**Q** 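To start, I am sharing the structure in question, which I have written as structure tokens.
First the proteins, then the strands, lettered A, B, ... as listed; each starts at 1. Computed from heavy atoms alone, side chains included, the values below leave out hydrogens, waters and symmetry copies.
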Amino acid sequence: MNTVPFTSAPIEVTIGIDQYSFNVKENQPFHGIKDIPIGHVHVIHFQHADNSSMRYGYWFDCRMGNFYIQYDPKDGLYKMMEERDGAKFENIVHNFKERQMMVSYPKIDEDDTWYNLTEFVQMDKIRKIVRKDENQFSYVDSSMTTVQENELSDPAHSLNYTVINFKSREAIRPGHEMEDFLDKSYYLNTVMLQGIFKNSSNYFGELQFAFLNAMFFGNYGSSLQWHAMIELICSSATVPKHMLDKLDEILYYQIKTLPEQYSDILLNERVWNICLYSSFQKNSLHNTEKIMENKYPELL
Amino acid sequence: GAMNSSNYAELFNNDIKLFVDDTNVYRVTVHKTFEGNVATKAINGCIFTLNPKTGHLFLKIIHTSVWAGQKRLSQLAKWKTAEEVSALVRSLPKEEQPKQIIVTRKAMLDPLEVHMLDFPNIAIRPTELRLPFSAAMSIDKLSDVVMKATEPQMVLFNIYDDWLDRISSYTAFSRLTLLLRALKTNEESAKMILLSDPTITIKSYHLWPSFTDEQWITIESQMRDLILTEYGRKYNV
Ligand SMILES: c1ccc(OCCNCc2ccco2)nc1
């Protein structure tokens, strides 16, 4: 069980850790988050009380280093940093724990939600979507645009998701126009899975990361990517059976976790109705179709 | 973007453009079977691909053999159309290729755009105009070459005959769309109007009769009357 200490909390902020959140008051004696489960990536995220503009946060994995948060009054945000002195870090955390100045990661024993949302998400793949190679952790915020968004403006601050475009020469082979457009199996299995992602685990990892950035930061390009990666599978007549079964589980837990009051902006009516009711895979997502119908029947 | 009344003179500028109409590609007769069920029998069709500035019509005849053994023919017809427009553009010299293709039905957008992804500088556009190009098969010589075809064939026509020697392409297109709207609203009457007078003939190398300028004004007036009427007889007005 690892720890992310805070130097201090000088501005009033709502802090998120994975699917949990709590409020910290201005100059409240708060020194971080303890009992963080090892074995998963995590995200620690922030919404200032005075400017709800820009949710921002950091993806990290406690196995990769000792990380802490410190507010920067010049740039005006809580920054993640790596502490390279292991003994200094252990000593800081032990003092803050002794004084009970840390919130406990509040995981219920029965609860597999975070595992289920991050099953295929790996830090190494996050760091290739979010390029900042001098840090072991990755910053994301509400405003960051994707590489494909920039093709349609600072490249250093982009989300390098895999570009998917159904009306493109990568997605369509010469002479297979109608075939490849109406059945995207070629594009899914040969171009993306065999060629780009190498396996379905990496594809699912990017799909899950895109969803989580959409949900936690309201990142619009991430929402676009999530829906495109779903539509590409649903629009393929030929999909490995294990992929369909796993997709149904992935989406079930994403829909379960989505805040009810964000469904209007985070769910694309066209994609979901097409996937659940018109697509090749309309009969292959039983768990997802049942939670969607019981939770968001209005969308459909 | 979409083509409508606000940008109608764009059709007659010097940027090469083609209209594509697919309404006569997949044509059927519906009939009863011996067991009392219903079946379709396909008949020859055509793609209507027209340069509105020059009058050049690229009429690709769609022979019924292209449907043999195929499923979902109404959907295939749009993709077949797109693939036929795609070969036509590819055969044209670069300086003759269009800068825009305007489809008369929005369901042709995605098939044509997927077929021309390797031609990114050609704009594929819908239109809000209700153009009467379906009535092309009411032009006797066009219908004749389609129905006689025994194999796929491209036939080239100028749908304006020699009119551009005396009128502008705006006026020629307006005349064409009036003639076709008439033929579409009441084919018998429209055809009576066009041939009532035996002294006016259709040249062997033309589609329409050899009217003088004054006779065209008469004819055009008669077609307007036909259309306004039928619209009465239709709506009781
Ligand atoms: C008939 C004759 C030639 C031909 O060339 C292939 C061009 N098709 C466009 C495209 C999609 C993806 C790549 O290129 N297609 C049909």
**Q** Check the surroundings of atom OH in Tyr8(B): do more than 12 heavy atoms from other residues, nucleotides or ligands lie under 6.0 Å from it?
**A**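 Enclosed: over 12 neighbouring heavy atoms sit under 6.0 Å from OH of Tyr8(B).
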**Q** Can you list every donor-acceptor pair under 3.5 Å that links chain B to chain A?
**A**
from: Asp110(B); atom 1: OD1; to: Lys167(A); atom 2: NZ; distance (Å): 2.8
from: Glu113(B); atom 1: OE1; to: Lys167(A); atom 2: NZ; distance (Å): 3.2

**Q** What residues form a side chain to side chain contact (heavy atoms under 4.5 Å, CB included) with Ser204(B), not counting sequence neighbours?
**A**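 In terms of side chain to side chain contact (heavy atoms under 4.5 Å, CB included), with neighbours along the sequence ignored, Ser204(B) is linked to no residue.
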